[PDB]
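Note: ideal-geometry Cβ built from the backbone for every residue, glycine included; neighbour counts use all protein chains shown. Basis: the model, the stated rules and, where named, an outside source; no laboratory read-out is quoted.
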Amino acid sequence: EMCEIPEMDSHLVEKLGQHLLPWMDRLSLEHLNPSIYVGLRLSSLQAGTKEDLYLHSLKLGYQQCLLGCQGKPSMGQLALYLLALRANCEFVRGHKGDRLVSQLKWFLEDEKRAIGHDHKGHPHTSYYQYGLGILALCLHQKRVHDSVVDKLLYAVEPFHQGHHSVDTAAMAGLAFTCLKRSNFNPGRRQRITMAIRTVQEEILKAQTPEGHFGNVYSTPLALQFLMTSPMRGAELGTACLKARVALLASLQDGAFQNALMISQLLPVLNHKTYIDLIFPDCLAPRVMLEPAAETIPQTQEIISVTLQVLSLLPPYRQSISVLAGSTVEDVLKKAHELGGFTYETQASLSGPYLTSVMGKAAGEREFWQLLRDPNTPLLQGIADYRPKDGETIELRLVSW
Amino acid sequence: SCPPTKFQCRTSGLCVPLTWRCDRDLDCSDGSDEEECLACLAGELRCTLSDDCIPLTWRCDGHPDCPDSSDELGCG
Ligand code: CNC
Ligand SMILES: [Ca+2]
Ligand SMILES: [Ca+2]
Ligand SMILES: [Ca+2]
């Protein structure tokens with residue numbers, strides 16, 4: 001059976017795109033987002049001339065910062081910039097292009113070395129970024145050595161060490177699919193074929209009773225991967241229809257606010273995936289997005305949220321009053337204003353990433369986890385999760 | 001129409017840096033920017049005309065990782 005997601009309501013799709021639209025005018029390097037560009041080009045929606053300026057800004061920023069900048073882009077982000085080039089039917093080229101390719105190849109080589117011949121060491125970033133890097137190079141018909149591919153293969157193959165999310169497995173599966181379709185790494189062809197099936201099975205076995213694969217925000221990338229190949233013996237069609245039901249409910253309940261998440265979902269709703277960047281169709285008709293004319297009524301209600309940090313001595317626990325509809329980040333700002341609380345964030349393609357709390361920065365294989373009561377990890381970041389009145393938000397330094 | 005120290009791609013109307021002016025790369029759609037004007041680690045190999053080291057596995061992989069492209073030149 002095949003993974004098919006029947007077209008959703010055009011109105012519903014349009015309002016998703018309108019969430020992306022304001023970002024088209026935010027061209028500062030801290031806000032530039034190659035994933036947004038890619039998601040839009042693969043969608044049924046377009047931003048017209050704004051897109052061309054956006055790509056131009058991407059090319060200026062990425063090439064000047066990495067070859068010649070305030071907080072220049074990461075290698076993982078460089079990989080997504082490569083996807084953005086494919087989305088405009090370009091191959092990375094010229095002397096500047098060649099150098100960018102080799103920088104991404106160095107990233108993979110360093111992660112391979114960090115992982116080790118034994119496969120105990122972690123990558124310095126994630127296996128998600130490792131897969132993303134292989135995919136990005138493959139889309140531009142750039143080859144990586146079998147030894148590089150081997151680390152991704154071992155990570156998903158039987159008796160692998162560690163546990164990977166649905167997102168990570170899906171990204172790996174996409175990388176494997178590009179290798180297979182391009183007939184790259186022929187000395188790993190059978191293992192690559194087997195790994196794709198392995199990822200299929202693990203993703204199907206991660207489907208919740210609601211219908212999501214892992215969770216609501218893993219479902220888009222999971223669907224992208226599942227759409228790329230048949231899955232004989234399995235009921236892929238049924239699983240994907242159940243996911244659509246789950247996806248539809250989540251959409252109608254306002255689950256998708258984050259621009260990166262929308263950019264990963266929009267291709268799915270247009271029956272496209274990142275694998276369509278092998279043979280891109282850049283001139284396919286797309287509906288022009290217009291700004292949602294829309295009032296912005298302020299709330300009149302005050303809510304109180306308890307913010308707590310038990311990972312530090314002495315511990316922090318305070319009730320914070322904010323306007324209803326405020327984000328966790330607003331709560332953090334208010335806590336800082338009241339005195340006795342500090343924090344730090346850094347920019348990412350998903351928005352502000354919490355890196356430090358009350359002077360304590362997360363170290364290697366550590367992060368500040370966001371939770372609500374009771375002991376429940378948030379599915380959104382500080383700038384997207386909007387706590388309800390009486391909620392308790394916890395920041396917890398954890399190791400993974 | 002655009003700031004000094006940045007060349008403007010004439011057909012596009014877009015503006016790009018002088019470093020990119022006459023640098024063999026087509027950065028403008030109108031190509032106006034061009035005509036108008038140490039030890040190596042084990043398992044690595046040195047690029048013939050420079051200081052650079054690359055992994056041995058980058059030899060003959062279809063992409064010039066060396067400035068002088070010497071890592072693909074040998075292959076034929
Ligand atoms: C790896 C990973 C993943 N994560 Co995290 C998970 N699990 N994440 C990060 C890890 C980063 C560290 C590392 N060494 O890689 C990890 C485990 C620590 C992290 C943290 C969690 N993650 C979380 C979520 C919910 C997000 N994460 C994802 C991006 C989920 C991702 C899956 C996905 N579908 O995208 C994910 C698989 C891949 C991200 C990536 O590398 N993209 C490629 C990269 C090139 O882009 P980038 O923007 O430069 O990457 C940076 C950011 O993604 C930042 N970051 C990671 N997660 C988030 C989440 C938010 C909300 C923000 C603003 C930034 C981040 O870390 C990366 C830098 O290394 C997201 C889809 C995952 C999911 N399916 O649930 C989701 C995000 C949902 C959404 N509505 O936006 C947490 C909030 C969980 C929690 N309750 O604490 C938390 C972030 C808290 C904080 N301190 O701000
Ligand atoms: Ca969201
Ligand atoms: Ca040039
Ligand atoms: Ca080479």
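Against the condition charged (D, E, K, R), away from ligand 2 (no atom under 16 Å from the Cβ), surrounded by 14 or more Cβ atoms within 10 Å (Cβ to Cβ) and under 20 Å from the mean Cα position of the chain (by Cα), how does B:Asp51 come out, does it pass? Here the answer is no, as B:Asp51 does not meet what is asked. For region B:2-24, state whether one or more residues are small (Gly, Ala, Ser), more than 12 Å from every other protein chain (Cβ to nearest Cβ) and more than 16 Å from ligand 1 (Cβ to nearest atom). Within region B:2-24, not a single residue is small (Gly, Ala, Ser), more than 12 Å from every other protein chain (Cβ to nearest Cβ) and more than 16 Å from ligand 1 (Cβ to nearest atom).
For region A:247-282, filtering for residues that are in a helix (DSSP H, G or I), within 14 Å of ligand 1 (Cβ to nearest atom) and more than 22 Å from A:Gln46 (Cβ to Cβ) leaves 2.
Would you confirm, using the coordinates I've provided, whether B:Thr57 is farther than 20 Å from A:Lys112 by Cβ, more than 16 Å from ligand 1 (Cβ to nearest atom) and not acidic (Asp, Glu)? It is false that B:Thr57 is farther than 20 Å from A:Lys112 by Cβ, more than 16 Å from ligand 1 (Cβ to nearest atom) and not acidic (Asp, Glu). Are any of the residues in region B:26-45 at the interface with another protein chain (Cβ under 10 Å from one of its Cβ atoms), among the aliphatic types (A, V, I, L, M) and under 19 Å from A:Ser57 (Cβ atoms)? The answer is yes; a qualifying residue exists.
How many residues are in a helix (DSSP H, G or I) and surrounded by fewer than 18 Cβ atoms within 10 Å (Cβ to Cβ) when one looks only at region A:133-160? Explain how you work it out, then say what you get.
Going residue by residue through region A:133-160, those that are in a helix (DSSP H, G or I) are A:133-139, A:146-156.
Applying the additional criterion that residues be surrounded by fewer than 18 Cβ atoms within 10 Å (Cβ to Cβ) yields A:146-147, A:154.
So the answer is 3.
The residue of region A:299-315 that is surrounded by the fewest Cβ atoms within 10 Å (Cβ to Cβ), among those that are touching a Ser or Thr at 6+ places or on another chain (Cβ under 8 Å) and among the hydroxyl-bearing types (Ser, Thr, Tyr), is A:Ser304.
B:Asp23: in a loop (DSSP other than H, G, I, E, B), away from ligand 2 (no atom under 16 Å from the Cβ), out of contact with any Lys or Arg (no Cβ under 7 Å at 6 or more places or on another chain) and among the acidic types (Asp, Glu), yes or no? Answer is yes for this residue.
Of the residues making up region A:106-115, just one is within 11 Å of chain B (Cβ to nearest Cβ) and within 21 Å of the chain's Cα centre (by Cα), namely A:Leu108.
I'd like the full set of residues that are assigned to a helix (DSSP H, G or I) and either facing chain A (nearest Cβ under 9 Å) or polar (S, T, N, Q) (or both), limited to region B:57-76.
Residues satisfying the conditions are B:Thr57, B:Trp58, B:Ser70.
In summary, A:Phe91 fulfils each of the numbered conditions (1) of a type outside the set (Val, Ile, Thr); (2) within 17 Å of A:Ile278 (Cα to Cα); (3) away from chain B (no Cβ under 12 Å) with the single exception of condition (3).
Put simply, of B:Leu18, B:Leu14, B:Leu49 the only residue that is in contact with a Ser or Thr (Cβ under 9 Å, 6 or more places away or on another chain) and in the same structural domain as B:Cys66 (by TED's automatic domain parsing) is B:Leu49.
Taking first residues from region A:123-146 that are in the same structural domain as A:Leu82 (by CATH) and partners that are within 16 Å of ligand 3 (Cβ to nearest atom) and not basic (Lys, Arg), the Cβ contacts under 7 Å between residues at least 6 apart in sequence or on separate chains come to A:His140/A:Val92.
Residues that are closer than 30 Å to A:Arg286 by Cα and outside any helix (DSSP H, G or I) were ranked within region A:61-104; the one that is nearest to the chain's Cα centre (by Cα) is A:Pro73.
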